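Asks: Structure provided below as structure tokens; questions to follow.
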Amino acid sequence: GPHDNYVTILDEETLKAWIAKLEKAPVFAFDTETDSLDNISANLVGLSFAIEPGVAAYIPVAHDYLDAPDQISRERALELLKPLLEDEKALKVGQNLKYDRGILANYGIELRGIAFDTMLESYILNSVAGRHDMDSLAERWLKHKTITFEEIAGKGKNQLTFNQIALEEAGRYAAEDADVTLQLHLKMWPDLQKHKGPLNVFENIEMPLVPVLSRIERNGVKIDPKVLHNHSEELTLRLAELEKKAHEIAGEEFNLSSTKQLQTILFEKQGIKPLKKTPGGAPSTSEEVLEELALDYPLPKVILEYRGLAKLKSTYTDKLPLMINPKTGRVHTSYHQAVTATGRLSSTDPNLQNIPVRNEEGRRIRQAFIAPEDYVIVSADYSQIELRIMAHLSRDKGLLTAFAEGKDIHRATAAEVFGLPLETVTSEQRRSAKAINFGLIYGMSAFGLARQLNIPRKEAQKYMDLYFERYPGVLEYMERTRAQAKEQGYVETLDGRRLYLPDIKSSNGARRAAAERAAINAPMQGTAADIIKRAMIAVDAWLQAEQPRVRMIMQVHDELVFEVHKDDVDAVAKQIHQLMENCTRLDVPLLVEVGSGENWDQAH
DNA sequence: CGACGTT
Ligand SMILES: [Mg+2]
């Protein structure tokens, strides 16, 4: 791990020399460092170029501390770099490219040279290794503890924004970052080349996602804060009523939110035997315990209602109005592309993928999302996608025929399990088969179904036996995947995304069963994520080539909520439809139930 | 309720 060959650029002539080197440089790093953690309101501070291993350059453009000398104009430097950054033939490399690209696009410079991202490379190679962050990557691959931002800043309010930070420390840190990316690239890229499936997915599914991810995050979803600042008042009043009722039942004032106090007061005053126990050993008070106890006493019911209301209020109705970006008035999310192992995108700060649906008050919370003016929400959706991947990967004629004909999968499964035809499949049989399908997706055991269906576990096993006998190809494929995990350990999805299992041969019964379940459902969710990502890429290509009156705002799991102008709804819905069924060459069709509701809940 | 685990 070399160092000290780090030249910091203060004059534009050295910048010209560096760009002359860069335009002949095949691959090079790019790591813009910025004061603000935000990707939208942040103002750029400096850049970083590392054409050759150890040969890294930091280019300050605005430093705020006393006597920051010869600061190149942030506009002049970017104007001189526009031929380079906006070049397609120059392949770049970095970390979290949807951050650098967003920061650059703040100034109108649309970057186009992205080809490698160390985060994405580390994700594709071994998705269950570390956390895919520079600090972890450093020792995990290069075996070189790098300088963190904490040393320069210091935890707490004492932490310093990067812009006023002294020249030497900031420059050496950024150049070390750039240089590191190069070492990580030069080390991992041969490994990424040796793996054909991972190479395919990395080139075609993961990396073209970065520009559309940045565009989606910068577009942001619009919320009507008045709805939440109204609705929280009714939430507070209702929970106050629940407080009054609970303190009437118990005769004392306390906090329903606390769990230790709640279990103590409950199990000492009313004294029901603890049905279940927490993983920590204490008596458990989860929702099942709540409903079982509310079968007997009203205080469990009222505290369950308090939990239900308070969770949604505190998590959404209070946090979302706070997170509205004041500059543009739209909530901006950070889709972390590589954090979950399976492959799904997971929105963070705030979790837009975690908006309530099943509760009517959750329906109100989803109604809080609206359109600015003359616009209307289009909520794309894949219906029962996981079962479609199951049919494709099982090669079972029954499910393939059922999906090709287009009948509801749940009633068809119930018909094939119980014998009576699908038209006579009633509601209880229907959601019984629904539980069968979902559980088989997740790999759960018969006790789980006795819990999720309130039927004896013997009857659960009998029902799965009927299903398994009528669908032997699915079981054969699942056993093939289980066995494949033994000698390969990287049970793999369709498009080549892998998952290394360090728990397949753990020789422990507890871990291996969960490892087997993960091996079962890994191709499932992996294929679903790849299909969604490819649909995202195609739709983004359509918008960026045609520029219609549509803006993609969010990507929930198997959902692609848009925002269209009122007069476009007739044709753009059909166009995105066609773009999405033609997304992936899979035999079973990919049904897309496009809504066109005025608000997100209405479109849902 | 049945398979996994240990004294
Ligand atoms: Mg970076």
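Starting from 1 in every chain, residues are counted up; chains themselves are A, B, ... following the order of the structure tokens, and ligands are numbered from 1 as listed.
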Could you pull out the helix (DSSP H, G or I) residues of stretch 192-229 of chain A, going by DSSP on the backbone, and write them as a ChimeraX atom specification?
Replies: /A:192-194,196-206,209-219,225-229
Asks: For chain B, list the residues within 9 Å of chain A, counting only C-alpha atoms (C1' of nucleotides), and write the list as a PyMOL selection string.
Replies: chain B and resi 1-2+4
Asks: Please save N, CA and C atoms (P, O5', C5', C4', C3', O3' and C1' of nucleotides) of the selected residues as a compact mmCIF listing (two decimals), in the first residue's frame.
Replies:
# COMPACT_ATOMS: atom_id res chain seq x y z
P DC B 1 -50.51 -30.27 19.56
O5' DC B 1 -49.83 -30.73 18.19
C5' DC B 1 -50.10 -32.03 17.66
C4' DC B 1 -49.09 -32.41 16.60
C3' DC B 1 -48.23 -33.62 16.94
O3' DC B 1 -47.75 -34.22 15.74
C1' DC B 1 -46.88 -31.69 16.96
P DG B 2 -47.03 -35.65 15.77
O5' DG B 2 -45.57 -35.34 15.18
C5' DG B 2 -45.43 -34.85 13.85
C4' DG B 2 -44.05 -34.25 13.63
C3' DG B 2 -42.87 -35.17 13.97
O3' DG B 2 -41.88 -35.09 12.95
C1' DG B 2 -42.63 -33.12 15.07
P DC B 4 -34.00 -33.66 12.46
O5' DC B 4 -33.52 -32.66 13.61
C5' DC B 4 -33.53 -31.25 13.38
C4' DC B 4 -32.91 -30.50 14.55
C3' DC B 4 -31.61 -31.10 15.08
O3' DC B 4 -30.68 -30.06 15.36
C1' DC B 4 -33.19 -30.97 16.83
Asks: Using only C-alpha atoms (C1' of nucleotides) and all ligand atoms, what are the residues with an atom within 6 Å of ligand 1, set out as an MDAnalysis selection string?
Replies: chainID A and resid 31 94:96
Asks: Leaving out stretch 511-513 of chain A and any residue of its chain fewer than 6 positions from it, which residues lie within 10 Å of it when counting only C-alpha atoms (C1' of nucleotides), given as JSON, numbers by chain?
Replies: {"A": [443, 444, 501, 502, 503, 504, 505, 519]}
Asks: Determine which residues of stretch 402-565 of chain A DSSP labels as strand (DSSP E or B) from the backbone of this structure, then write them out as a ChimeraX atom specification.
Replies: /A:550,559,564-565
Asks: Using only C-alpha atoms, can you tell me which of A:45, A:537, A:591, A:332 comes closest to residue A:408?
Replies: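 Ranking A:45, A:537, A:591, A:332 by distance to residue A:408, first place goes to A:591.
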Asks: Can you work out the spacing between atom CA of residue A:8 and atom CA of residue A:122 in Å, to one decimal?
Replies: 28.8 Å
Asks: Mind giving me the straight-line distance from atom CA of residue A:255 to atom CA of residue A:243 in Å, one decimal?
Replies: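 Interatomic distance, atom CA of residue A:255 to atom CA of residue A:243: 8.5 Å.
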